[PDB]
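Only one chain is given next, in structure tokens, and it is the form deposited in one PDB entry.
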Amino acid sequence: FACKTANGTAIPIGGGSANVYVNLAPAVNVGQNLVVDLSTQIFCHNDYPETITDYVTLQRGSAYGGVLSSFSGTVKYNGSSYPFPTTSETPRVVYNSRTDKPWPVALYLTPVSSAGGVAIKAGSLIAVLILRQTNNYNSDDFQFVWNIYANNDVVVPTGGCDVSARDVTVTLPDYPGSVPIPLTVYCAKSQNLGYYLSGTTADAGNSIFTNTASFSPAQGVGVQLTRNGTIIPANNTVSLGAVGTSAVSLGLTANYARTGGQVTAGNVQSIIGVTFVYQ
């Protein structure tokens, strides 16, 4: 019995460990969010299938690493779901062919937010998985340890919903004018979704965001967001109603808004946070 990765790294008879570099495409799913499918990344075979049956489990202690170590979730092992980190060994999967077959492991994360996320830098550790191999031949009991690394920068969703983008830049027409903000949200299953803006405001109503351009700033203007003409101030929850699998636009538009005093030439910039909640 031995195993190898998609890039050819191998662990031989008797076990050992290897590093696995994977391209991530996290996605929200109903009740659990996909972190990484490894059934395309790790493969194993039985070396004497006419004579020996090999048994393979995911051993307890397998867990997320890096920034993901705080999170709990599930592991999908040959189609069935088990808690993750594994606190007890999974059932046994038979290996009975010389042909390399996938080790059918997919890691999921339990939602803890509405539409939150957590950044994964390329090259960081996301999981350590312990493959345990036994047989019906002798008392071999071998450990194949897979250190899973992110091969790319991604954001793993931590909520029931996901956004069209995490960083959006828009450019206003030269003053005066407005521009739509392209920003949508969907949820794996229907959720009662809201959101609220956060940022530095120049007015009492907390509805105009300060011009924080640092090079040659204009004066007397800020930025103000509208939802089809309704002013959206900071720290006020806006309801989106029920959001499901069809993307919903937040409906937002950026405007210049007077803040007081002579409006002078220069640059305008405002950074505005969006945070989703359940209602």
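The term rigid core refers to the most C-alpha atoms you can superpose between the two forms while keeping them within 1.5 Å. Each residue number is its position in the shown sequence, starting from 1.
When the mean C-alpha temperature factors of 228-236 and 214-222 are read from the deposited coordinates, 214-222 comes out higher. Higher mean CA temperature factor between 260-268 and 9-17: 260-268, per the PDB entry. Across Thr51, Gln32, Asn46, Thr57, the greatest Cα temperature factor reported in the deposited entry is at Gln32. Ranked within its chain, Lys76 lands in the middle third, by CA B factor from the PDB record. When the modelled residues of the chain are ordered by C-alpha B-factor, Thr86 sits in the middle third. Ranked within its chain, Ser249 lands in the middle third, by CA B factor from the PDB record. Among the modelled residues of the chain, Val36 sits in the middle third by CA temperature factor in this PDB entry. When the CA B factors of the chain's modelled residues are split into thirds, the value for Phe276 lands in the middle one.
Quick note: we don't show the form deposited in another entry, though the next part is all about it.
Lining up the core between the shown form and the other one shows that one residue from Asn206, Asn96, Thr184, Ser113 moves its Cα 2 Å or more, and that residue is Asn96. Once the rigid core is used as the reference frame, the Cα position of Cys44 differs between the shown form and the other one by 2 Å or more. Superposition of the core reveals a Cα shift of 2 Å or more for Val56 between the shown form and the other one. With the core superposed, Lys76 shows a C-alpha displacement below 2 Å between the shown form and the other one.
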